[PDB]
Each structure stands twice: as C-alpha cells, then as structure tokens.
Protein chains: 2
Amino acid sequence: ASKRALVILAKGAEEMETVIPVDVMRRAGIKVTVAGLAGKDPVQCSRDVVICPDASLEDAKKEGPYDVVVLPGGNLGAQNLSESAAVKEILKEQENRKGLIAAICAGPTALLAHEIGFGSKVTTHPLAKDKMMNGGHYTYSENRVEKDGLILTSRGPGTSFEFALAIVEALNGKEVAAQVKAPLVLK
Amino acid sequence: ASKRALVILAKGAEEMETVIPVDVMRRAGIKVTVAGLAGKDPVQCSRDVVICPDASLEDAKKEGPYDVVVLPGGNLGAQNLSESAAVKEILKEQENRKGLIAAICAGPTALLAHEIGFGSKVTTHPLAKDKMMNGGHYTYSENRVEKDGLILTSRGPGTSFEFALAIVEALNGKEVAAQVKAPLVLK
Ligand SMILES: [Cu+]
C-alpha cells in the first residue's frame, strides 16, 4: 500500500515550497493530496502563482489518516495555517497517532501556534527564528533539514529538495529517495 | 521600466521548472506573464499539479515584446511546445530581435524543433541529449547552466534555481541576482 501525504495549501503559501515537495513525493510513488485550507477554489500563492487544489481540507481530512502532513511556508500562508482550527485538529491527531509532520520555512511557526512537538529540535527560515523561539519551546538548529523523530523541519525555498527527499526517505526508505534524487540533477 | 518575461505553460510541463523561475523572476521585480499554450484554462503539469495561467498565449503574445521567453521542461510539455506554430512564431521573433530565450530540461528540444539558435552551446537534461543533438545543430555542454549569448539552457529540476538566477542576472544584473539569492537559503 502506498503511503499517503496531506499538503495543506493556504493563501500566501510559498509556491516553490509547495510544488517541490508535491512533485518529489509523487515521483516517490506517494499518494499526495493537495488540500485547500479555504475550500476547493484556486489558491493565490505568495508570488502570485495560482494552484488548484485537489480537494478542500474539509473533504481531505475525512480521507485520513495520512503518513505525513506537510506545511509549506510563506509568511502569510503560515499565518493562515496558524490561525486555523481545522489545522490545529489535524496536527494534534497526527501527533497523537505518532505520524510524521513536515514543515518548511515559516511553516514551523504553525507548530508553535498549535502547540505541536514542544521540546523538539527545529529549524526555520532565518527570518522566522524569533517567532518560532518565542517562549523557548523548541531548540533551534541551523541544519538545512532537521529531523527530531516525527517532527521534520527545513529552512527555505533552497532547501525544498532536501526537505522533500527527507520526507521520501522517512516514508519509503533510503533506496527510493536515492532513486528519485538521481534524475533531478541536484548538487 | 521593469523587464518583462513570458513563461509558456503547456500540458505536461514540469511544475518545479515552471514555478521556480516564475517565483524567482518575480522576486527580482520582473513582470512575469504565465501564458497557457492551450488557452486560459488550468494546466495539468507532469506531476499533476494544476496551475492557472495568467493569460492565454494568444493574448499574451499581443502584449509583447518580452525581455525573455522561458520554456519549462517536462518531456510532454516540451513536445507540446515543439508542435506549436504559435511558439515557433514567438521564438523566431525573439531571436530576430536579439532577445533572450531561456529553456530548461527537455525545454531546449523545442529550440531544435523550431530551428532556433543553431550553432549554440547548449545543455539539456541528460535523457534529452540525444533528441537535442539529432543532426548536430548544437554543441553539447554538461554545465548545469549554459549561456551562449541569447540562448540560456539548463538541465533539470535541480538546476532550476541556478537557471532562474541566470535569467535574473541577464536582465537585472549581478547585484540584483545576489540580493534575490540570499533569502532563498541555497547551497
Ligand atoms: Cu487553477
């Protein structure tokens, strides 16, 4: 059975941080659902790329559980994620069931908002560090990708491939990740 | 006056190779038009990401000229570009006016189809080399990004940032490219 990923797409999401993980997980044979936070309508990303989600979050959440929940960054996207009761509920359930949560750039600040994974070692975009660290609930890392158990974080558009391949490795193993990586022409 | 980019988006385009350049050029203050080859409707990319273009190609082409025309890759997307009379006309006019043409991954094979830039040093995705080189009309390079005058080519999803920042450098200069690069958390 293929593994399953939920990507939560909100207005203001960073489009590279959304599309790179979706594409790479699909290359890995993961069944990815791109879910619109606000509904099934098209989502205007931070740099004005318009993406049509596969489903509303309302619907996608009924189709769980997922092997990973993925939170893209973008300052405004992450704020929308942080404000969402539905996201809170999804992340709490994912944490409760010992499932992976992956967040990139400003995305990890939604973990803080929802009180998820406290005590974890995390990274964020440099400009999001002070927000993530408010209260000292996490330990900060400058690694490009940080994985502390079931909390996987990364720093920015330029770490998106590394982030996505870490999700692939966690779900499908090192060999699948290496196989997916080669045709990408990385490094 | 800001510089202007035309990105031609066809069914089967590689979505990372489309979104990374769009986003990065917009960070550089370039006015980017995402134009749908087939019309204004949403475009299903190679890994099933659905992008809504800003305009049809039919319309966007009336709003020229552009400082760069950008061809994403994806094997099927590039085939659609290669088959298009409208693309032929756009590229011929761009070449005639000494404007930049940028193509990534299988994208450069549309240059061959349209007889554009013969004699140039080019790169492609490794799996697209034999198609690009049919007839020996170009000289092949393994550089991640190859720029021979007004023909700028690159290799794959993993070279998309480098490709996009080379377009930024060509249009807006080295300093703008460096400024845009830093917040991306590359390398
Ligand atoms: Cu759309």
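Counting starts at 1 for both ligands and their atoms, in listed order. These numbers come from the heavy atoms of this one structure, side chains and all, not from hydrogens, waters or symmetry mates. Naming convention: chains lettered A, B, ... in sequence-line order (proteins, then strands); numbering from 1 in each chain.
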Taking the inter-plane angle between the rings of A/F161 and B/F161 on a 0 to 90° scale, is it parallel (under 30°), tilted (30 to 60°) or perpendicular (over 60°)? perpendicular
Holding to side-chain contact (heavy atoms from CB on, under 4.5 Å), I want the full list of residues that pass it with A/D148, two or more places apart in sequence or in another chain. A/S120, A/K121
Tally every protein N/O/S atom whose distance to the Cu ion (ligand 1) is less than 2.8 Å; waters are neither shown nor counted. 2
Taking the inter-plane angle between the rings of A/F118 and A/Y138 on a 0 to 90° scale, is it parallel (under 30°), tilted (30 to 60°) or perpendicular (over 60°)? perpendicular
For B/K3 and B/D67 the tightest heavy-atom approach is CA-OD2, 3.3 Å
In chain order, what residues pass the side chain to side chain donor-acceptor pair (under 3.5 Å) check against A/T123, with sequence neighbours excluded? A/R155
Only pairs under 3.5 Å count here: list side-chain donor-acceptor contacts from residues 37-54 of chain A, not counting sequence neighbours, and write none if there are none.
from	atom 1	to	atom 2	distance (Å)
A/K40	NZ	A/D54	O	3.3
A/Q44	OE1	A/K11	NZ	3.4
A/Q44	NE2	A/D48	OD1	2.9
A/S46	OG	A/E15	OE1	2.8
A/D54	OD2	A/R26	NH2	2.9
A/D54	OD2	A/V34	N	2.9

